[PDB]
């Protein structure tokens, strides 16, 4: 089982969990940063991981790219497969933004098609995903 180097890798970064959430996507081969989301003041690790995959899907579809996406998040991979982010985060005025983005990401999944393979990055075998923030 080898790395598919012709791929996009995504990851969340946070200050606290729940806390400030951001995410980015990189070229797995080169590490070039292809997109970065502006920090969202409150969210969870898994909401951010989910938004990162969906953004990757949208980014690759817009560019007519058939590359797969790597994520290290078992949870977010399943949420994308299900088209449903089963987060426990309370809904209130401070979490409104992240929940709006998550709701809109689900809605995009429910209105668009893609063949993009969404693959588990095998951290145990390969080290940290190339999109990692270096904060652990």
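Numbering follows the first chain given and starts at 1.
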- For 29 to 37 versus 63 to 71, entry-based mean Cα B-factors point to 29 to 37
- Item | Between 127 to 135 and 3 to 11 (mean CA B-factor, as deposited), the higher | 127 to 135
- Query: What's the residue among 55, 78, 100, 86 with the greatest CA temperature factor in the PDB record?
  - Reply: 86
- Item | Relative C-alpha B-factor of residue 110, binned into the chain's lowest, middle or highest third | middle
- Item | For residue 19, the third of its chain into which the C-alpha B factor falls | highest
